[PDB]
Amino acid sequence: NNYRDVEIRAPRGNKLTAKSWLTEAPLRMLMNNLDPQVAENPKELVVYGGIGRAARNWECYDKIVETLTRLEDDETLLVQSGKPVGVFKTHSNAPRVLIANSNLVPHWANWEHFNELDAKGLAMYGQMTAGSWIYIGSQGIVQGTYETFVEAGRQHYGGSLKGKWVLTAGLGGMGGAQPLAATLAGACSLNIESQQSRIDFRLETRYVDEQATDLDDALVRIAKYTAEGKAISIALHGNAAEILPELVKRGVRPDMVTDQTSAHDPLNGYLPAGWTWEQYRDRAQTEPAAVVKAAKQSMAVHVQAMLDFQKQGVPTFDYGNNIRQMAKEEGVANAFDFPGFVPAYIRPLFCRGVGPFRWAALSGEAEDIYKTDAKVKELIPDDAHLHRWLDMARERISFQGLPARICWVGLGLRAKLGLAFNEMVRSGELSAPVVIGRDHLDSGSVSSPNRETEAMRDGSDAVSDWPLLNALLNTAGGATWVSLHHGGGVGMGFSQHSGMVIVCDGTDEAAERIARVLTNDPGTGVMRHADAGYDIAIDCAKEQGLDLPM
């Protein structure tokens, strides 16, 4: 019921299995989430991010496909932690699917209780885009990581990073974007990863350039490439909790230090020092409580090394995996002496509603995305940073599963782009409808005190009204599917967030929904930051004519 030896991929072209494009779309994107070229471990329904799954188990998968296939134009399917639990009458301008995954009443919102519920067949971890069917492989995060490194470069090094290098770890589905992101930002990088198969996946998808044979070889490569102003990513097979302390000991000074192991889930996502992956997985079923303690003890040593780098003047930051919290719980009292990437670097972008906006071509045709890329350039003719992004994406980002594009834009341009794409479907320029979504990391869709809402200027870090309002509003406006998840990114107890996806099928009805939903979705994030008192947000609100009563 949790393992199936099948390769799944999204249906291609313009023939429908479901009754309409609005139901065909979630059917295709659920399948795309499990593409061998997209997902980390799809035979076990795992997309990314530890145990982030697409459906609760294989029986539930089958039933969701069957239900979407028959769903009428005025019906809405409810998905409850990856299970299709009910279908109810709404109307054609409401979402076809409403998804709520991994939500636990706060006092019980921890991995121990989640795992008890999972053993009873009652649980599924949605991560962010895993359980809400809008994962596009490593591309979904790569621009956000690039923008983080770019901003860190602007703050610390004068912008570009030629001759500099990043030290980090984690080459999973999302951590795998770190090497390429650093490269695109002009840095060399050393990326430690404990599973060879994960390094291979990154090499095969062009996300990492090369693999060193040991730490010494990695250091000779970094010294050489940085001296020559090359921007090349190196993988190193090993354990970050062993390597980072050793580098501190050798007096090695990276230009930036971060981490993107799956520290958010000690049982599943983080290899204790000295263990093989095989021992880790075997012991997780036998003695889970001991495994969690071992993993967190290693996280503590890992974080002290990051702290030690920072004490040497190295820009150090948390890249959103809750590792500081885990170290803090294990006695590293000053774990939060280095900041999260959002307060440090990315929040100003969120203040204008900018974030990991994305779209996918349901046709399966690369040229559909290239036509969107050209149309974005036409609609935003005077943003060279963004034109450069799309050029870098064309050159360096290989499609995984259905062709898709990441393109960070905010309030105003989201709706302009969506309406233009919908006109391109209408005219036949695009071969089939496109879907427009985003990560749940976005300006108005997440509350997460150790990540996206860390150190809000007004102290409102833990206020989670906002993502709940965002999902409610996306439903009222007519997103095609809308999601409310708990614990994405940072793990059980630490986040609540919303998702949205909307289908551009060329119709006038789609256009009226698009204009609303792609205004409102970034609008809520500009609102949320204006509420906190950010002048950049307030300014953007005024420019864009938001109605913010207070």
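Quick note: we count residues from 1 along the sequence shown, nothing fancier.
If you average the C-alpha B-factors over 102 to 110 and over 184 to 192, the higher value belongs to 184 to 192. Of the two segments, 16 to 24 and 537 to 545, the one listed with the higher mean B-factor is 16 to 24 (C-alpha atoms only). Between the residues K162, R405, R451, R438, the entry's highest C-alpha temperature factor is the one at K162. For the set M306, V463, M456, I397, the PDB entry assigns the largest Cα B-factor to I397.
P36: CA B factor lies in the highest third for its chain, per the PDB record.
Ranked by Cα temperature factor within the chain, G251 sits in the highest third according to the deposited record. Split the chain's modelled residues into thirds by C-alpha temperature factor. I64 is in the middle one. Ranked against the other modelled residues of its chain, the C-alpha B-factor of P343 as given in the entry falls in the lowest third. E75 sits in the middle third of its chain by CA B factor, as recorded in the PDB entry.
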